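Engineer: Once you've had a glance at the structure underneath, I'll fire off some questions.
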Amino acid sequence: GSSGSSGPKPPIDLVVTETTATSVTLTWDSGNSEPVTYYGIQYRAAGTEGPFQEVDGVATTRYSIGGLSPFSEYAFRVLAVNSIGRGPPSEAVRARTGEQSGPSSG
């Protein structure tokens, strides 16, 4: 169902500026004019079709994700949340972490 706006709107300008071997820097804009409480974030090893991580407590437009593996691909998606409920996810993005750590070779 893609009809009916029951809650806040998803964030826009979803792009990453920095990418660490075990971390990533994602940025975006409020998108919604109305005052929202916080913005949740979801991500997981690019591929699996299951539940993606969940992070709550981001009262900012910029947030960095950590606890990932070096030279790996992960999908990121930020969304707004209020007393009413959490709106739909933003343009799901995919950023491949660097191989700085370099755990193994081949």
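The way I read the labels, and the way they are meant: chains A, B, ... in the order of the structure tokens, residue 1 as the first residue of every chain, and ligand 1 as the first ligand shown, with later ones counted on from there.
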Near stretch 77-81 of chain A, within 8 Å and counting only C-alpha atoms, which residues show up once chain neighbours fewer than 4 positions away are dropped, as a PDB file with N, CA, C and O atoms, in the first residue's frame?
Structural biologist:
ATOM      1  N   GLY A   7       1.461   9.732   9.534  1.00  0.00           N
ATOM      2  CA  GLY A   7       2.667  10.007  10.294  1.00  0.00           C
ATOM      3  C   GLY A   7       3.592  10.974   9.583  1.00  0.00           C
ATOM      4  O   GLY A   7       3.214  11.628   8.611  1.00  0.00           O
ATOM      5  N   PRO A   8       4.837  11.077  10.074  1.00  0.00           N
ATOM      6  CA  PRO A   8       5.845  11.971   9.495  1.00  0.00           C
ATOM      7  C   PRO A   8       6.318  11.499   8.125  1.00  0.00           C
ATOM      8  O   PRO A   8       5.944  10.421   7.664  1.00  0.00           O
ATOM      9  N   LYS A   9       7.144  12.315   7.476  1.00  0.00           N
ATOM     10  CA  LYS A   9       7.671  11.981   6.158  1.00  0.00           C
ATOM     11  C   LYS A   9       9.124  11.528   6.253  1.00  0.00           C
ATOM     12  O   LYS A   9       9.861  11.913   7.161  1.00  0.00           O
ATOM     13  N   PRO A  10       9.549  10.695   5.291  1.00  0.00           N
ATOM     14  CA  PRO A  10      10.919  10.175   5.243  1.00  0.00           C
ATOM     15  C   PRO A  10      11.938  11.255   4.894  1.00  0.00           C
ATOM     16  O   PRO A  10      11.650  12.196   4.153  1.00  0.00           O
ATOM     17  N   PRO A  11      13.156  11.117   5.435  1.00  0.00           N
ATOM     18  CA  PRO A  11      14.243  12.071   5.193  1.00  0.00           C
ATOM     19  C   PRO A  11      14.764  12.005   3.761  1.00  0.00           C
ATOM     20  O   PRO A  11      14.719  10.954   3.122  1.00  0.00           O
ATOM     21  N   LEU A  14      19.714  11.499   1.260  1.00  0.00           N
ATOM     22  CA  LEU A  14      20.418  10.404   1.919  1.00  0.00           C
ATOM     23  C   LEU A  14      21.708  10.063   1.181  1.00  0.00           C
ATOM     24  O   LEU A  14      21.691   9.350   0.177  1.00  0.00           O
ATOM     25  N   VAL A  36       9.609  16.810  14.515  1.00  0.00           N
ATOM     26  CA  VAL A  36       9.634  15.389  14.839  1.00  0.00           C
ATOM     27  C   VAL A  36      10.449  15.127  16.101  1.00  0.00           C
ATOM     28  O   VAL A  36      11.291  15.936  16.489  1.00  0.00           O
ATOM     29  N   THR A  37      10.191  13.989  16.738  1.00  0.00           N
ATOM     30  CA  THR A  37      10.900  13.619  17.958  1.00  0.00           C
ATOM     31  C   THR A  37      12.335  13.204  17.655  1.00  0.00           C
ATOM     32  O   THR A  37      13.282  13.908  18.007  1.00  0.00           O
ATOM     33  N   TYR A  38      12.489  12.059  17.001  1.00  0.00           N
ATOM     34  CA  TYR A  38      13.809  11.549  16.653  1.00  0.00           C
ATOM     35  C   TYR A  38      13.779  10.827  15.309  1.00  0.00           C
ATOM     36  O   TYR A  38      12.725  10.701  14.684  1.00  0.00           O
ATOM     37  N   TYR A  39      14.940  10.356  14.872  1.00  0.00           N
ATOM     38  CA  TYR A  39      15.048   9.647  13.601  1.00  0.00           C
ATOM     39  C   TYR A  39      15.756   8.308  13.783  1.00  0.00           C
ATOM     40  O   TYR A  39      16.895   8.252  14.244  1.00  0.00           O
ATOM     41  N   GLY A  40      15.071   7.229  13.415  1.00  0.00           N
ATOM     42  CA  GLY A  40      15.649   5.905  13.544  1.00  0.00           C
ATOM     43  C   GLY A  40      16.475   5.513  12.336  1.00  0.00           C
ATOM     44  O   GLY A  40      16.321   6.086  11.257  1.00  0.00           O
ATOM     45  N   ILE A  41      17.356   4.535  12.515  1.00  0.00           N
ATOM     46  CA  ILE A  41      18.210   4.067  11.430  1.00  0.00           C
ATOM     47  C   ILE A  41      18.220   2.544  11.355  1.00  0.00           C
ATOM     48  O   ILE A  41      18.245   1.864  12.380  1.00  0.00           O
ATOM     49  N   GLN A  42      18.203   2.017  10.135  1.00  0.00           N
ATOM     50  CA  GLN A  42      18.212   0.574   9.927  1.00  0.00           C
ATOM     51  C   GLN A  42      19.247   0.182   8.878  1.00  0.00           C
ATOM     52  O   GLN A  42      19.391   0.851   7.854  1.00  0.00           O
ATOM     53  N   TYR A  43      19.964  -0.906   9.138  1.00  0.00           N
ATOM     54  CA  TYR A  43      20.986  -1.386   8.216  1.00  0.00           C
ATOM     55  C   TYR A  43      21.326  -2.847   8.493  1.00  0.00           C
ATOM     56  O   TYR A  43      21.109  -3.349   9.595  1.00  0.00           O
ATOM     57  N   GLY A  85       3.880   7.935  15.265  1.00  0.00           N
ATOM     58  CA  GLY A  85       4.503   6.710  14.803  1.00  0.00           C
ATOM     59  C   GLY A  85       5.649   6.969  13.845  1.00  0.00           C
ATOM     60  O   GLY A  85       5.839   8.093  13.384  1.00  0.00           O
ATOM     61  N   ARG A  86       6.416   5.925  13.546  1.00  0.00           N
ATOM     62  CA  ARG A  86       7.551   6.045  12.639  1.00  0.00           C
ATOM     63  C   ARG A  86       7.100   5.940  11.186  1.00  0.00           C
ATOM     64  O   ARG A  86       6.481   4.954  10.788  1.00  0.00           O
ATOM     65  N   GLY A  87       7.413   6.964  10.398  1.00  0.00           N
ATOM     66  CA  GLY A  87       7.032   6.967   8.998  1.00  0.00           C
ATOM     67  C   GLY A  87       7.828   5.971   8.177  1.00  0.00           C
ATOM     68  O   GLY A  87       8.613   5.185   8.707  1.00  0.00           O
ATOM     69  N   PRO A  88       7.627   5.996   6.852  1.00  0.00           N
ATOM     70  CA  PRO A  88       8.322   5.094   5.928  1.00  0.00           C
ATOM     71  C   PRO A  88       9.807   5.420   5.808  1.00  0.00           C
ATOM     72  O   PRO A  88      10.241   6.548   6.041  1.00  0.00           O
ATOM     73  N   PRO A  89      10.607   4.409   5.438  1.00  0.00           N
ATOM     74  CA  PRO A  89      12.056   4.564   5.278  1.00  0.00           C
ATOM     75  C   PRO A  89      12.418   5.423   4.071  1.00  0.00           C
ATOM     76  O   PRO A  89      11.678   5.472   3.089  1.00  0.00           O
ATOM     77  N   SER A  90      13.560   6.097   4.151  1.00  0.00           N
ATOM     78  CA  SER A  90      14.018   6.956   3.066  1.00  0.00           C
ATOM     79  C   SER A  90      14.687   6.135   1.968  1.00  0.00           C
ATOM     80  O   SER A  90      14.844   4.921   2.094  1.00  0.00           O
ATOM     81  N   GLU A  91      15.080   6.807   0.890  1.00  0.00           N
ATOM     82  CA  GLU A  91      15.730   6.140  -0.232  1.00  0.00           C
ATOM     83  C   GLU A  91      16.883   5.265   0.252  1.00  0.00           C
ATOM     84  O   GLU A  91      17.992   5.749   0.475  1.00  0.00           O
ATOM     85  N   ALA A  92      16.612   3.973   0.412  1.00  0.00           N
ATOM     86  CA  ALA A  92      17.626   3.030   0.866  1.00  0.00           C
ATOM     87  C   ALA A  92      18.914   3.180   0.065  1.00  0.00           C
ATOM     88  O   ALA A  92      18.909   3.083  -1.163  1.00  0.00           O
ATOM     89  N   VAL A  93      20.018   3.419   0.766  1.00  0.00           N
ATOM     90  CA  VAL A  93      21.314   3.582   0.119  1.00  0.00           C
ATOM     91  C   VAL A  93      22.253   2.433   0.471  1.00  0.00           C
ATOM     92  O   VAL A  93      22.042   1.726   1.456  1.00  0.00           O
TER      93      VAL A  93
END
Engineer: List every residue of stretch 8-104 of chain A that DSSP, applied to the backbone of this structure, places in strand (DSSP E or B), and write the result as a PyMOL selection string.
Structural biologist: chain A and resi 12-20+23-29+38-46+48+55+62-66+73-81+86+93-96
Engineer: Just the residues within 6 Å of residue A:28, please, counting only C-alpha atoms, with nothing from its chain fewer than 5 positions along; format it as a ChimeraX atom specification.
Structural biologist: /A:12-14,61
Engineer: Please dump the current selection as a CSV table (one decimal), in the first residue's frame; keep N, CA and C atoms.
Structural biologist:
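Result file follows (selection_6.csv):
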chain,number,residue,atom,x,y,z
A,12,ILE,N,15.3,13.1,3.3
A,12,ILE,CA,15.8,13.2,1.9
A,12,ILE,C,17.3,13.5,1.9
A,13,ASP,N,17.9,13.5,0.7
A,13,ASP,CA,19.3,13.8,0.6
A,13,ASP,C,20.1,12.8,1.3
A,14,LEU,N,19.7,11.5,1.3
A,14,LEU,CA,20.4,10.4,1.9
A,14,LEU,C,21.7,10.1,1.2
A,61,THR,N,20.6,15.4,12.1
A,61,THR,CA,20.5,15.1,10.7
A,61,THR,C,21.7,14.2,10.2
Engineer: May I have the residues within 8 Å of stretch 16-18 of chain A as a list in words, using only C-alpha atoms and disregarding those fewer than 5 positions away in the same chain?
Structural biologist: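 Counting only C-alpha atoms, the residues come to residues 24, 25, 26, 27 and 95 of chain A.
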Engineer: Just want the 12 Å neighbourhood of residue A:46, counted on only C-alpha atoms, with same-chain residues fewer than 6 positions away dropped. Output as JSON, numbers by chain.
Structural biologist: {"A": [52, 53, 68, 69, 72, 73, 74, 75, 76, 92, 93, 94, 95, 96, 97]}
Engineer: What's the separation between atom CA of residue A:101 and atom CA of residue A:21, in Å to one decimal place?
Structural biologist: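 Between atom CA of residue A:101 and atom CA of residue A:21 the gap works out to 6.0 Å.
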Engineer: I need the residue nearest residue A:98 from this list: A:31, A:22, A:57, A:15. Use only C-alpha atoms for the distance.
Structural biologist: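 Selected residue with least distance to residue A:98: A:22.
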Engineer: Have a look at A:33, A:54, A:100, A:5 and name the one nearest to residue A:19; count only C-alpha atoms.
Structural biologist: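 Closest to residue A:19 of all the choices is A:100.
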